[PDB]
Amino acid sequence: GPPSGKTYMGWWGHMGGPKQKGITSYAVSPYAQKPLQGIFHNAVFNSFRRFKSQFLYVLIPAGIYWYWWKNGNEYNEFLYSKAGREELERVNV
Amino acid sequence: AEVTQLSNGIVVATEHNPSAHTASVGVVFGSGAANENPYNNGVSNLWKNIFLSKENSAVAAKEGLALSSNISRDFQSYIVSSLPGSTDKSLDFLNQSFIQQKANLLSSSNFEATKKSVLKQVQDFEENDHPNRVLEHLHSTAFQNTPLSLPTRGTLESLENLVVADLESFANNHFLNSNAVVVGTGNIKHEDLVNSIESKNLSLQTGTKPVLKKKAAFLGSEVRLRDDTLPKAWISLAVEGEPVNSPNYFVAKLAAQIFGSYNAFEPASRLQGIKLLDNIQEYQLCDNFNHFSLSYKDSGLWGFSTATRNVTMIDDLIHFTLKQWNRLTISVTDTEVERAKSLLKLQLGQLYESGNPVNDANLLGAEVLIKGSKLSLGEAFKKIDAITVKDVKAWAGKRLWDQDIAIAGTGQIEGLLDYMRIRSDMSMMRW
């Protein structure tokens, strides 16, 4: 077939990054390691900072929208009761 | 062909050959690079170049003598060679320069010049000799934190901290009478050597060497040294093998002879009776390979090394080689075993019957230090002839099928896949 266009990823042996020189890596077989050494030292301290260094970007927008919905629901409940009957004709104009 | 061992306090071994035109006499010690620690690594390689230094070689050359020395993982030797009529001068030179006096060799002017020459050799080894330094890195990852991992030359970082007092401390612990064998090869008779030693009263030192506490142990691991400015890829891979004094010592050497060696540019190497060569030559998957079976006092390594310019098809080369290793458990044929028997006998006969008495002195001394005697070539041929197909299948089911591996590599090794893809090829999910 015809050759393709120019991309930003290749294949094994010609992947297309920069040239590497001076880096050594080491690894050990999984058959020679301890079986399942995580629930502790990861539920102790690791799985608390991973979201509570991030919790303030979620809960400030969540508290704004929950305050807005709860305030509007109590005002609709007041308007259709007996005590809020006089305001109801005023705001449906 | 006969060896003769005799002890009178000193173990003396000979191998007489009245057809040779030279003689060779030396001493072999039973300590190597596996008796060092990570802080004095390279102290054996410094003792070799002190013995081969210029002023020591000049005293020998006025007599007509030549000097050799070899450093391995389990032993080291110091050898003098001469004409057959002057073995008394060669035994005198071994007494004066190496046993009695060592303050002549260990002067400050001679030590600093020798240490400069050794540091340049190790630096040129680490930059240019790519097949042999990958095999050195295979030993250090397979036996990590264990005495069998230290390189025989030492490292550049450990060699510069060495002083004269480090070499004298190693010599007082290992250069002993209970660690030594006096050898003689070529044209020299046995009773002429033991009467020349007994006409003096040679003795190095009384006592035994230190005992190390950690024994060798194989660990499945890998080390990658990627260098994209080199033109090839160099890879070694092995499992845990057999030590010396193993009952499966000759069966492991025959299994490596089945797959053998290869050179893509030699025309007769392309016509060998190896079934792996059908897959490799179809797309030219490599330039050369060779299989090995190394043995030491406590452990060993069985595997292969290879060099490749086809860097996008590296994963096909490892996959085809490991699928042929599976056949040693399942479906190895009787005609492959008979071919490997004849080629192992030709290879062993060329190693032990070369015409070099220096090669014979290294082989004889290393075997008497471990076993206490030497196995003849006639008795080694009869053990090879008795191996059956069922012996090969029982050995490979223990050492090869579903076992851990060790990998080392340098150069353009981006196409080499990670550990678990290669580890899963050590079994077929067919049987």
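Keep in mind that the numbers below use all heavy atoms, side chains included, and drop hydrogens, waters and symmetry copies. Below, read A as the first sequence line, B as the second, and so on, with proteins coming before strands; counting in each chain starts at 1.
Taking each heavy atom of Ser29(A) and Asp404(B) in turn, the nearest pair found is OG-OD1, 3.2 Å.
There is no contact between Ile405(B) and chain A, counting heavy-atom distances below 4.5 Å. Both the backbone and the side chain of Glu222(B) come within less than 4.5 Å of a heavy atom in chain A.
Annotation: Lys120(B), atom NZ; neighbour count of heavy atoms from other residues, nucleotides and ligands within 6.0 Å does not exceed 12. For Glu160(B), the CD atom counts as loosely surrounded, since its 6.0 Å shell holds 12 or fewer non-hydrogen atoms of other residues, nucleotides or ligands. More than 12 heavy atoms of other residues, nucleotides or ligands sit less than 6.0 Å from atom CD of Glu89(A). By the neighbour-count criterion of 12 heavy atoms within 6.0 Å, atom CD of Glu127(B) is densely surrounded, having more than that number from other residues, nucleotides or ligands.
Contacts with chain A (heavy atom to heavy atom, under 4.5 Å) involve no residue of residues 143-150 of chain B. Residues of residues 419-430 of chain B having a heavy atom under 4.5 Å from any heavy atom of chain A, listed by number: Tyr419(B), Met420(B), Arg423(B).
Atom OG1 of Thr141(B) and atom OH of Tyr26(A) lie 8.5 Å apart (nearest 0.5 Å). Here CG of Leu219(B) is found 14.5 Å from OH of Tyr31(A). Values are rounded to the nearest 0.5 Å. For the atom pair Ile23(A) CD1 and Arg226(B) CZ, the distance stands at 8.5 Å (nearest 0.5 Å). Of the inter-residue distances, the one linking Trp12(A) atom CH2 with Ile314(B) atom CD1 reads 11.5 Å to the nearest 0.5 angstrom.
Here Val223(B) is the residue among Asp315(B), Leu230(B), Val223(B), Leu416(B) with the most heavy-atom pairs under 4.5 Å with chain A.
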Could you go through the side chain to side chain contact (heavy atoms under 4.5 Å, CB included) check for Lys21(A) and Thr229(B) one step at a time?
CA-CA 8 Å; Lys21(A) 194 174 157 74; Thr229(B) 67; 3.9 Å; yes
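Applying the side-chain contact (heavy atoms from CB on, under 4.5 Å) test between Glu414(B) and each of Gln20(A), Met15(A), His14(A) identifies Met15(A) as the sole match.
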